[PDB]
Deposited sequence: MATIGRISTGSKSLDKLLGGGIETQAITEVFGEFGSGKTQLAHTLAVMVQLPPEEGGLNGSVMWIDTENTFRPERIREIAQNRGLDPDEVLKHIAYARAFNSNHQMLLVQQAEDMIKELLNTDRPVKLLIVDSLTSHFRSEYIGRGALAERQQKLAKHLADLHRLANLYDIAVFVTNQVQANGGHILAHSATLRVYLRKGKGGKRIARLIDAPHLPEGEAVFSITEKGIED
């Protein structure tokens, strides 16, 4: 299947990404607390639901939340301010809280059931968010020997996510609060800049955007 692209809401960030976030890929955003990772996730969960000529994929969303940071009213606000029905947009987000890293891993396997169910509807899953990818792994796997164990478990979790992305033509978008290896297909470093702006750089030019009532935009 041909790759799809999802607009982030920011023309600057879209250009940095080569046209938006890609299906059949894991895009990781990483940066300090407050860099805007979760705001970008909320914006993408709306943008993907737009039709293709507006930067979406007519898609539904699955969201795995490890930090209780999903805000339904933020979805509704972004949707309404972009001309979309807030309740329809919210309804197309399947939401799950992951209680620990092992539950997080099961939830990704569980997501395949709904992905298959929706695959031939008019709104197949096109975006799978894991926010935060790493928080439970960081809290649970700590101390001597934890580097190898944590990286091996994360590698398996990421392999599961890569399979869903590649098999079902989904964009996987993950957040990471920040020498270690990584296996996301694209890594985007996010940081605060002047004037309330956020700055994004690809890891291994820079885009600049604001967090607004429309989610993010230039």
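- Residues of the deposited sequence lacking C-alpha coordinates fall in the stretches 1, 180-185, 212-217, numbered from 1.
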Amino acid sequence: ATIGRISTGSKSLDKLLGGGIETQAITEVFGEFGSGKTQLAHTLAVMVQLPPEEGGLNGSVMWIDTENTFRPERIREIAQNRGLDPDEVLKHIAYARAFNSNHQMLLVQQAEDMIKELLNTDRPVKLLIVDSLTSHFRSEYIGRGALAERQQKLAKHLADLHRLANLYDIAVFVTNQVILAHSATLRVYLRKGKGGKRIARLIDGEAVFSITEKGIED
From here on, numbers count along this sequence of modelled residues.
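- Annotation for 117-125 versus 100-108: the higher mean temperature factor (C-alpha) is found in 117-125.
- Here 126-134 and 84-92 are compared by their mean Cα B-factor, and 84-92 comes out higher.
- Taking the deposited Cα B-factors for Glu22, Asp204, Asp14, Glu206, the highest one is held by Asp204.
- Placement of the Cα temperature factor of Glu32 within the chain: highest third of the modelled residues, per the deposited record.
- In this PDB entry, the Cα temperature factor of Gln49 sits in the bottom third of its chain's modelled residues, the lowest group.
- The PDB entry assigns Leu186 a C-alpha temperature factor belonging to the middle third of its chain's modelled residues.
- Ranked by Cα temperature factor within the chain, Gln152 sits in the highest third according to the deposited record.
- In this PDB entry, the Cα temperature factor of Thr43 sits in the bottom third of its chain's modelled residues, the lowest group.
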